[PDB]
Structure formats: C-alpha cells, structure tokens
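The chain contents come next:
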Amino acid sequence: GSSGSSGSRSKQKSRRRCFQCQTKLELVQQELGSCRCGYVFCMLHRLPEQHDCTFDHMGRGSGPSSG
Ligand SMILES: [Zn+2]
Ligand SMILES: [Zn+2]
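- If you check the header, you'll see the entry was determined by solution NMR.

In structure tokens form, the structure reads like this:
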C-alpha cells in the first residue's frame, strides 16, 4: 500500500498513446489525434466531443446564443 497525494496526478503519461484508451498512435495519428486542449487521442477519441474537450472551438469573438 503506497498512499500520499504528492507530486502530480495526470493521465497523459505518453502522448504517443491515446489519453482515454491508451492505444498505439502511428506517426500520422500522434499528429492528427492530437488536440488543442493539450492531450492526444486516437482516431476514435480524437474528436473533442468524444473527450468532452475543455477548450472552446467557438471563439474569435462572442455573441448572443438565446433565440
Ligand atoms: Zn482513444
Ligand atoms: Zn481536446
């Protein structure tokens, strides 16, 4: 038993592999899968909605939503 919340507690240890399924990402994937938030996923979890991405693609300004 090794307890003690110290150091850092992350999940993205090796971008090389997805951050959700930890699958192997080819040279191309690693680039494609990559995201803006700061995490790399596979061709299945590459999309933002897939990993409830925190980033906001809808930027470059703001406006009224309610209609
Ligand atoms: Zn994945
Ligand atoms: Zn993201």
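## Things to note about the packing of aromatic side chains
- For the coordinates displayed, the defined rule picks out two aromatic pairs.
- Pairing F19 with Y39 gives two aromatic rings, centres 4.5 Å apart and planes at 75°, and the pair type is edge-to-face. Note that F19 is positioned in the segment before α1 (27-33) and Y39 in the segment after α1, a separation of 20 residues in sequence.
- In this structure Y39 comes out as partly exposed when scored by relative accessible area, which is 29%.
- Relative to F41, the ring of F19 has its centre 5.7 Å away and its plane inclined at 90°; by these criteria the two rings are edge-to-face. Of the two residues, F19 is situated in the segment before α1 and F41 in the segment after α1; the sequence distance between them amounts to 22 residues.

## Re the side chain of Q29
- With respect to the element layout, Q29 can be found in helix α1.
- At 2.8 Å, the side chain of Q29 and the backbone nitrogen of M43 are in polar contact.
- When neighbours within four sequence positions are excluded, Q29 is seen to be in contact with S34, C42 and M43.

## Describing the coordination of the zinc ion (ligand 1)
- The protein atoms that coordinate the zinc ion (ligand 1) are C18 (SG), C21 (SG), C42 (SG) and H45 (ND1), at distances spanning 2.3 Å.
- One way to put it: the four donor atoms around the zinc ion (ligand 1) meet at angles of 98 to 118°, and that makes the site tetrahedral.
- Donor residues binding the zinc ion (ligand 1) come from one chain and are separated in sequence as C-x2-C-x20-C-x2-H. Placement of the pair is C18 in the segment before α1 and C42 in the segment after α1, with a sequence separation of 24 residues.
- Given a relative accessible area of 0%, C18 falls into the buried group.

## A few points about the side chain of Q30
- Within the element layout of this structure, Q30 appears in helix α1.
- From its side chain, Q30 meets the backbone oxygen of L25 in a polar contact 2.7 Å long.
- Excluding residues that lie within four positions of it along the chain, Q30 makes contacts with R15, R16, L25 and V40.

## Some points on the nonpolar core
- Among the nonpolar cores identified, the biggest contains six residues, and these are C18, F19, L25, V40, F41 and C42.
- Ignoring sequence-local partners within four residues, the contact set of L25 consists of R15, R16, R17, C18, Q30, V40, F41 and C42.

About the cut-offs
Residues numbered from 1 in each chain as written, not as in the entry; some residues may be left out. Chains lettered and ligands numbered in written order. Heavy atoms only, no water. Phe/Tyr/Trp six-rings, centres within 6.5 Å; stacked < 30°, edge-to-face > 60°. Helix = DSSP H or I, 4+ residues; strand = E, 2+ residues; numbered from the N terminus. Buried < 20%, exposed > 50% of the residue type's maximum accessible area, 1.4 Å probe, protein only. Polar contact = N/O pair within 3.5 Å; in protein donor to acceptor, adjacent residues only side chain to side chain. Contact = heavy atoms within 4.5 Å. Donors = N, O, S within 2.8 Å, 3.2 Å for Na, K, Ca; no water. Tetrahedral: all angles 85-135°; square planar, octahedral: opposite > 155°, others 65-115°. Core = buried A, V, L, I, M, F, W, Y, C linked by side-chain atoms within 4.5 Å.

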